[PDB]
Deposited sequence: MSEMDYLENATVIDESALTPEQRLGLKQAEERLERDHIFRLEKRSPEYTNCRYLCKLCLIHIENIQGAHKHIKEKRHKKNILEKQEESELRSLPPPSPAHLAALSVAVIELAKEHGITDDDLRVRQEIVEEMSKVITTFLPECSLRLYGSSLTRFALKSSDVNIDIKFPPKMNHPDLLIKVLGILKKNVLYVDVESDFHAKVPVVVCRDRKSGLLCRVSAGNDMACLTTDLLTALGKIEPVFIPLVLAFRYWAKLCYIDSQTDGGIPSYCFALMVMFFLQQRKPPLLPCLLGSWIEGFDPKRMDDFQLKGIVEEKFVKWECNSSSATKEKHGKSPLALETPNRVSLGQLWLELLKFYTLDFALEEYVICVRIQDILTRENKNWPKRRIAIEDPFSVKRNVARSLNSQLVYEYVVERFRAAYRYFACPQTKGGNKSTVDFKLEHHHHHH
């Protein structure tokens, strides 16, 4: 009875009738047409295990169970995903006209909606007037601009990030409370409000002259270092800013942003663009650390600490611990030797393809300090989901905030959807999101 033998979870192979051996081998051959095989055993004694589905990597216990599994959710979903991937991978190369359309659309997103040199002028003037206001109550401190205002990695409307440098014999919570009172009393601003629970504690106000929201922090040195590195890179390589803007807004990654962000998601996506630019062949951005450092070993790269910008062309590095390097400090060039001629459309498609099809996001670390590809284990970091090394805090995976189930699945979905959408003429995408871009 094939009826028993299809449901039996353990088969006495010797007790099988030659005709039953025949029928079972035929059934199994049929099951193979759906990726289901007898698992070869290690020490067989008619033992435990029967069938492996290579698609789902699922152990199945009998023939009837294999036929139920073929038609169930997991197997159907995997069949689909495999089909979608084959489609994505067999896409014909884009036409010159489609590439040009994409190129013009990307640069026009940056030009019509991005932060302009005159917009930076406005925001720097905001900082100058506010520093006038703050210092004439509190003269030791200084003000400076950071974040997107300088990097241009957000749109015309985005918030103005302003950091207060203060002396150590001055207490940070007290400092922000005093600043809150000062800005409340001063008529240059409206809607002055503390935001002290946010990831970075800040005072919020609206500059009445420019209508721009300002977020005033204190002692946020790391964010300023980060801003200066990314600003210098964007000034040296013209494709950096429009690719970051497209990646963030066209792919709809902005849907992740909230005002309690701390800007971490957008920072992650900027780092991902920079990583792609470093990892391209040929590359369009240099790596921050490498063989020009005499004695540099990619292992124990975590003994290095990146510092400020010099001449707007170099980033300082220190290695204060014992090591094989000749020098304790140095500087790395932020500029290639003319990674000359590739259109924005081609870069946009390549970037989408890199993250949709080509880079094993779950297995590696997005690391913008070295060119060598880091496995999770190289960092002794856990596997799964997204991993981005903060180049200025190297034990920190900044993408941990992307790694909720919702956001992770969204990011993967947006890569696939965007690539699918932009790879073929439908595309001069016109943004029209119905939400503020901060």
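Novice: May I ask you to mark the stretches of the deposited sequence that the structure leaves without C-alpha coordinates?
Specialist: Those stretches are 1 to 2, 429 to 436, listed in order.
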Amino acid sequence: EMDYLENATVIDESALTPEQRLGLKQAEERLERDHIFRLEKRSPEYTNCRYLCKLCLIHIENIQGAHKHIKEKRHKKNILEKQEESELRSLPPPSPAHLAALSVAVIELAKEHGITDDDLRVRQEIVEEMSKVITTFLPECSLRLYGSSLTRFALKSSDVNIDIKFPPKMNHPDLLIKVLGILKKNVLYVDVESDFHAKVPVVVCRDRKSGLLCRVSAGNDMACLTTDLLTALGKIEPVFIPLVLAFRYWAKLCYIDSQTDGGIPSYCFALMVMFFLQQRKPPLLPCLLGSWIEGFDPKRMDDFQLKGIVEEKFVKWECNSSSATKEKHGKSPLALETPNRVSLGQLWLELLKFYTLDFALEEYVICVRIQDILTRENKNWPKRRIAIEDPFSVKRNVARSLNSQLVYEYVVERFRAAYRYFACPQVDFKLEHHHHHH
From here on, numbers count along this sequence of modelled residues.
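Novice: When the C-alpha temperature factors are averaged for each of 93 to 101 and 163 to 171, which stretch ends up with the higher value in the entry?
Specialist: Comparing 93 to 101 with 163 to 171, the higher average CA B-factor belongs to 163 to 171.
Novice: As stated in the PDB record, which stretch has the larger average Cα B-factor, 230 to 238 or 305 to 313?
Specialist: Between 305 to 313 and 230 to 238, it is 305 to 313 that shows the higher mean C-alpha B-factor.
Novice: Of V203, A110, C319, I366, which one's C-alpha B factor is largest in the deposited record?
Specialist: Across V203, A110, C319, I366, the entry lists the biggest C-alpha B-factor for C319.
Novice: Please work out which residue in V407, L39, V394, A399 has the highest C-alpha B-factor recorded for this crystal structure.
Specialist: Comparing C-alpha B-factors across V407, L39, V394, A399, the maximum falls on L39.
Novice: Check where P282 lands among this chain's C-alpha B-factors and tell me if it's the lowest, middle or highest third.
Specialist: According to the entry, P282 has a C-alpha B-factor in the chain's middle third.
Novice: Quick check on the deposited entry: does the C-alpha B-factor of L289 sit in the lowest, middle or highest third of its chain?
Specialist: Middle third, going by the recorded CA B-factors of the chain.
Novice: Divide the modelled residues of the chain into thirds by Cα B-factor and specify which third, lowest, middle or highest, holds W348.
Specialist: It belongs to the lowest third of the chain when residues are ordered by C-alpha B-factor.
Novice: Could you place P265 in the lowest, middle or highest third of its chain by Cα temperature factor, using the values in the record?
Specialist: Answer is lowest: the recorded C-alpha B-factor places it there.
Novice: Lowest, middle or highest third: which one holds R384 when the chain's residues are ordered by CA B-factor from the entry?
Specialist: It belongs to the lowest third of the chain when residues are ordered by C-alpha B-factor.
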